[PDB]
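Report on the structure given below.
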Amino acid sequence: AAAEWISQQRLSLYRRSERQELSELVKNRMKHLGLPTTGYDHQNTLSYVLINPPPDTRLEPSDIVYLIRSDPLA
Amino acid sequence: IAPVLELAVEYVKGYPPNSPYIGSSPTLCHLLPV
Amino acid sequence: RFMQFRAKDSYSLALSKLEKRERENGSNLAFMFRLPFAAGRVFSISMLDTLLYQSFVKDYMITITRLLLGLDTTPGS
């Protein structure tokens with residue numbers, strides 16, 4: 001009855017994605033070195049730079065503003 | 001000849017642990033126990 | 001032709017003339033009749049060039065060859 005378990009993994013590794021293949025490759029190396037696998041646990045974001053926008057552009061969240069802050073020792 | 005019917009150390013068997021590269025098709029191979 | 005070269009051999013050097021006729025007849029499988037290649041002693045990786053150009057007309061050729069070599073293990077194959 002061990003063939004069913006043998007065939008069980010076979011049908012799983014066949015359908016496992018490339019993301020899993022990349023993920024297990026890293027985790028195999030981490031446990032080889034000794035690092036904890038937990039912690040390795042993608043970027044659906046789009047960013048751009050707005051040099052000197054007009055004073056009317058709305059301020060969305062997660063916006064980083066570049067600043068020229070005056071010299072503290074001045 | 002029978003006619004063709006119209007209708008129908010001990011090595012363990014397992015996948016190699018460390019695939020050297022991504023895309024290496026996993027084949028069930030004879031493996032050492034240790 | 002140089003894999004297992006028997007210079008003092010009448011038969012092996014006779015195959016050279018047969019290969020010339022195939023080259024004259026426009027045959028790409030001219031190396032076909034050499035004793036080493038026919039026995040499997042030598043293959044050229046230039047055959048992988050032909051497997052890619054054939055894929056323009058036979059998109060299954062790469063998958064079929066890999067399934068024979070076992071380079072991809074489809075369940076039930």
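Identifiers in this document derive from the order of the structure tokens: chains are assigned A, B, ..., residues are numbered from 1 separately in each chain, and ligands are numbered from 1 in order of occurrence.
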
Could you list, with a cut-off of 9 Å and counting only C-alpha atoms, the residues of chain A near range 24-33 of chain B, each shown with its nearest atom pair and the distance in Å rounded to one decimal, rows sorted by chain and ascending number, as JSON lines?
```
{"residue": "A:6", "atom": "CA", "partner": "B:28", "partner_atom": "CA", "distance": 8.8}
{"residue": "A:10", "atom": "CA", "partner": "B:28", "partner_atom": "CA", "distance": 8.1}
{"residue": "A:13", "atom": "CA", "partner": "B:26", "partner_atom": "CA", "distance": 7.1}
{"residue": "A:14", "atom": "CA", "partner": "B:26", "partner_atom": "CA", "distance": 7.9}
```

For the residues selected in the previous step, produce a file with N, CA and C atoms as a PDB file, in the first residue's frame.
```pdb
ATOM      1  N   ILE A   6       3.552   6.811  -2.553  1.00  0.00           N
ATOM      2  CA  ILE A   6       4.523   7.121  -3.599  1.00  0.00           C
ATOM      3  C   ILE A   6       3.848   7.865  -4.744  1.00  0.00           C
ATOM      4  N   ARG A  10       3.941  12.014  -6.147  1.00  0.00           N
ATOM      5  CA  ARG A  10       4.237  12.158  -7.568  1.00  0.00           C
ATOM      6  C   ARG A  10       3.265  13.115  -8.242  1.00  0.00           C
ATOM      7  N   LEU A  13       4.234  16.870  -6.858  1.00  0.00           N
ATOM      8  CA  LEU A  13       5.407  17.522  -7.431  1.00  0.00           C
ATOM      9  C   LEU A  13       5.204  17.855  -8.903  1.00  0.00           C
ATOM     10  N   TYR A  14       4.348  17.101  -9.596  1.00  0.00           N
ATOM     11  CA  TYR A  14       4.039  17.423 -10.986  1.00  0.00           C
ATOM     12  C   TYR A  14       3.303  18.754 -11.091  1.00  0.00           C
TER      13      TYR A  14
END
```

Residues of chain C within 7 Å of chain B: nearest atom pair and distance (Å, one decimal) for each, counting only C-alpha atoms, sorted by chain and number, as a Markdown table?
```
| residue | atom | partner | partner_atom | distance |
| --- | --- | --- | --- | --- |
| C:71 | CA | B:25 | CA | 6.5 |
| C:72 | CA | B:25 | CA | 5.4 |
| C:73 | CA | B:27 | CA | 6.5 |
```

What would the file look like if the residues just selected were written as a PDB file, in the first residue's frame with N, CA and C atoms?
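out.pdb was written with the following content:
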```
ATOM      1  N   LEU C  71      13.597  13.435 -19.426  1.00  0.00           N
ATOM      2  CA  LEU C  71      13.898  14.766 -18.913  1.00  0.00           C
ATOM      3  C   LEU C  71      12.672  15.457 -18.335  1.00  0.00           C
ATOM      4  N   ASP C  72      11.472  15.030 -18.720  1.00  0.00           N
ATOM      5  CA  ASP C  72      10.238  15.460 -18.079  1.00  0.00           C
ATOM      6  C   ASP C  72       9.369  14.237 -17.818  1.00  0.00           C
ATOM      7  N   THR C  73       8.886  14.113 -16.586  1.00  0.00           N
ATOM      8  CA  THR C  73       8.154  12.930 -16.140  1.00  0.00           C
ATOM      9  C   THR C  73       6.688  13.308 -15.953  1.00  0.00           C
TER      10      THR C  73
END
```

> Residues of range 3-34 of chain B in strand (DSSP E or B) according to DSSP, as a VMD selection string?
Replying inline: chain B and resid 12 to 14 29 to 31

Could you make a table, as JSON lines, of the residues of chain A that have an atom within 12 Å of an atom of chain B, each with its nearest atom pair and distance in Å to one decimal, counting only C-alpha atoms, in chain and number order?
```
{"residue": "A:2", "atom": "CA", "partner": "B:13", "partner_atom": "CA", "distance": 10.4}
{"residue": "A:3", "atom": "CA", "partner": "B:13", "partner_atom": "CA", "distance": 10.0}
{"residue": "A:5", "atom": "CA", "partner": "B:14", "partner_atom": "CA", "distance": 10.5}
{"residue": "A:6", "atom": "CA", "partner": "B:14", "partner_atom": "CA", "distance": 7.7}
{"residue": "A:7", "atom": "CA", "partner": "B:28", "partner_atom": "CA", "distance": 9.9}
{"residue": "A:8", "atom": "CA", "partner": "B:14", "partner_atom": "CA", "distance": 11.8}
{"residue": "A:9", "atom": "CA", "partner": "B:15", "partner_atom": "CA", "distance": 9.2}
{"residue": "A:10", "atom": "CA", "partner": "B:28", "partner_atom": "CA", "distance": 8.1}
{"residue": "A:11", "atom": "CA", "partner": "B:26", "partner_atom": "CA", "distance": 10.8}
{"residue": "A:12", "atom": "CA", "partner": "B:26", "partner_atom": "CA", "distance": 10.6}
{"residue": "A:13", "atom": "CA", "partner": "B:26", "partner_atom": "CA", "distance": 7.1}
{"residue": "A:14", "atom": "CA", "partner": "B:26", "partner_atom": "CA", "distance": 7.9}
{"residue": "A:15", "atom": "CA", "partner": "B:26", "partner_atom": "CA", "distance": 11.2}
{"residue": "A:16", "atom": "CA", "partner": "B:26", "partner_atom": "CA", "distance": 10.7}
{"residue": "A:17", "atom": "CA", "partner": "B:23", "partner_atom": "CA", "distance": 10.0}
{"residue": "A:18", "atom": "CA", "partner": "B:23", "partner_atom": "CA", "distance": 7.6}
{"residue": "A:19", "atom": "CA", "partner": "B:22", "partner_atom": "CA", "distance": 9.9}
{"residue": "A:20", "atom": "CA", "partner": "B:22", "partner_atom": "CA", "distance": 10.0}
{"residue": "A:21", "atom": "CA", "partner": "B:22", "partner_atom": "CA", "distance": 6.3}
{"residue": "A:22", "atom": "CA", "partner": "B:22", "partner_atom": "CA", "distance": 6.7}
{"residue": "A:23", "atom": "CA", "partner": "B:22", "partner_atom": "CA", "distance": 10.1}
{"residue": "A:24", "atom": "CA", "partner": "B:18", "partner_atom": "CA", "distance": 9.5}
{"residue": "A:25", "atom": "CA", "partner": "B:22", "partner_atom": "CA", "distance": 7.7}
{"residue": "A:26", "atom": "CA", "partner": "B:22", "partner_atom": "CA", "distance": 10.8}
{"residue": "A:27", "atom": "CA", "partner": "B:18", "partner_atom": "CA", "distance": 10.8}
{"residue": "A:28", "atom": "CA", "partner": "B:18", "partner_atom": "CA", "distance": 7.4}
{"residue": "A:29", "atom": "CA", "partner": "B:18", "partner_atom": "CA", "distance": 9.1}
{"residue": "A:31", "atom": "CA", "partner": "B:18", "partner_atom": "CA", "distance": 11.7}
{"residue": "A:32", "atom": "CA", "partner": "B:18", "partner_atom": "CA", "distance": 10.3}
```

Store the residues of this selection in a file with N, CA, C and O atoms, as a CSV table (one decimal), in the first residue's frame.
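And here is the file that came out, selection39.csv:
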```csv
chain,number,residue,atom,x,y,z
A,2,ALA,N,2.2,1.1,0.0
A,2,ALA,CA,3.1,2.2,0.0
A,2,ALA,C,3.1,2.9,-1.3
A,2,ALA,O,3.6,4.0,-1.4
A,3,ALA,N,2.7,2.2,-2.4
A,3,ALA,CA,2.7,2.8,-3.7
A,3,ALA,C,1.7,4.0,-3.8
A,3,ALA,O,2.0,5.0,-4.5
A,5,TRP,N,1.1,6.2,-1.4
A,5,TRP,CA,1.9,7.4,-0.9
A,5,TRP,C,2.9,7.8,-1.9
A,5,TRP,O,3.2,9.0,-2.1
A,6,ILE,N,3.6,6.8,-2.6
A,6,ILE,CA,4.5,7.1,-3.6
A,6,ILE,C,3.8,7.9,-4.7
A,6,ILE,O,4.4,8.8,-5.3
A,7,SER,N,2.7,7.4,-5.1
A,7,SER,CA,1.9,8.1,-6.2
A,7,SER,C,1.3,9.4,-5.7
A,7,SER,O,1.0,10.3,-6.5
A,8,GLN,N,1.1,9.5,-4.4
A,8,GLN,CA,0.5,10.8,-3.9
A,8,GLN,C,1.4,11.9,-4.1
A,8,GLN,O,1.0,13.0,-4.5
A,9,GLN,N,2.7,11.8,-3.7
A,9,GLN,CA,3.7,12.8,-3.9
A,9,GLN,C,4.0,13.1,-5.3
A,9,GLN,O,4.2,14.2,-5.7
A,10,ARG,N,3.9,12.0,-6.1
A,10,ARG,CA,4.2,12.2,-7.6
A,10,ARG,C,3.3,13.1,-8.2
A,10,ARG,O,3.7,14.0,-9.0
A,11,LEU,N,2.0,13.0,-7.9
A,11,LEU,CA,1.0,13.9,-8.5
A,11,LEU,C,1.1,15.3,-7.9
A,11,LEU,O,0.5,16.2,-8.5
A,12,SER,N,1.7,15.5,-6.8
A,12,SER,CA,1.9,16.8,-6.2
A,12,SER,C,3.1,17.5,-6.8
A,12,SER,O,3.0,18.7,-7.1
A,13,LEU,N,4.2,16.9,-6.9
A,13,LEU,CA,5.4,17.5,-7.4
A,13,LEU,C,5.2,17.9,-8.9
A,13,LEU,O,5.8,18.8,-9.4
A,14,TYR,N,4.3,17.1,-9.6
A,14,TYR,CA,4.0,17.4,-11.0
A,14,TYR,C,3.3,18.8,-11.1
A,14,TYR,O,3.6,19.6,-12.0
A,15,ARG,N,2.3,19.0,-10.2
A,15,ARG,CA,1.5,20.2,-10.3
A,15,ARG,C,2.1,21.4,-9.4
A,15,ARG,O,1.6,22.5,-9.5
A,16,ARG,N,3.2,21.2,-8.7
A,16,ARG,CA,3.8,22.2,-7.9
A,16,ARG,C,4.3,23.3,-8.8
A,16,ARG,O,4.9,23.1,-9.8
A,17,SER,N,4.1,24.6,-8.4
A,17,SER,CA,4.4,25.7,-9.2
A,17,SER,C,5.9,26.0,-9.2
A,17,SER,O,6.7,25.5,-8.5
A,18,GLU,N,6.3,27.0,-10.1
A,18,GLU,CA,7.7,27.4,-10.1
A,18,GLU,C,8.0,28.3,-8.9
A,18,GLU,O,9.1,28.3,-8.4
A,19,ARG,N,7.0,29.0,-8.3
A,19,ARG,CA,7.2,29.7,-7.1
A,19,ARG,C,7.5,28.8,-5.9
A,19,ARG,O,8.4,29.1,-5.1
A,20,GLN,N,6.8,27.6,-5.9
A,20,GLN,CA,7.2,26.6,-4.9
A,20,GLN,C,8.6,26.1,-5.1
A,20,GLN,O,9.4,25.9,-4.2
A,21,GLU,N,8.9,25.8,-6.4
A,21,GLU,CA,10.3,25.3,-6.7
A,21,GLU,C,11.3,26.3,-6.2
A,21,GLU,O,12.4,26.0,-5.7
A,22,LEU,N,11.1,27.6,-6.5
A,22,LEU,CA,12.0,28.7,-6.0
A,22,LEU,C,12.0,28.8,-4.5
A,22,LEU,O,13.1,28.9,-3.9
A,23,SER,N,10.8,28.6,-3.9
A,23,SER,CA,10.7,28.7,-2.4
A,23,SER,C,11.5,27.6,-1.7
A,23,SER,O,12.2,27.8,-0.7
A,24,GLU,N,11.2,26.3,-2.2
A,24,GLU,CA,11.9,25.2,-1.6
A,24,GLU,C,13.4,25.2,-1.8
A,24,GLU,O,14.2,24.8,-0.9
A,25,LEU,N,13.9,25.8,-2.9
A,25,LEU,CA,15.3,25.9,-3.2
A,25,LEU,C,16.0,26.8,-2.1
A,25,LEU,O,17.1,26.4,-1.6
A,26,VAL,N,15.4,27.9,-1.7
A,26,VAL,CA,15.9,28.8,-0.7
A,26,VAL,C,15.9,28.0,0.6
A,26,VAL,O,16.9,28.0,1.4
A,27,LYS,N,14.7,27.5,1.0
A,27,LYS,CA,14.6,26.9,2.3
A,27,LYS,C,15.5,25.7,2.5
A,27,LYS,O,16.0,25.4,3.6
A,28,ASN,N,15.8,24.9,1.4
A,28,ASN,CA,16.8,23.9,1.5
A,28,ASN,C,18.1,24.4,1.8
A,28,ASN,O,18.9,23.7,2.5
A,29,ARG,N,18.5,25.5,1.3
A,29,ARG,CA,19.8,26.1,1.5
A,29,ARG,C,19.9,26.7,3.0
A,29,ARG,O,20.9,26.6,3.6
A,31,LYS,N,18.2,25.7,5.7
A,31,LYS,CA,18.3,24.6,6.7
A,31,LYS,C,19.7,23.8,6.5
A,31,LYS,O,20.1,23.2,7.4
A,32,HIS,N,20.3,24.0,5.3
A,32,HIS,CA,21.6,23.5,5.1
A,32,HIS,C,22.6,24.3,5.9
A,32,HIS,O,23.5,23.8,6.6
```
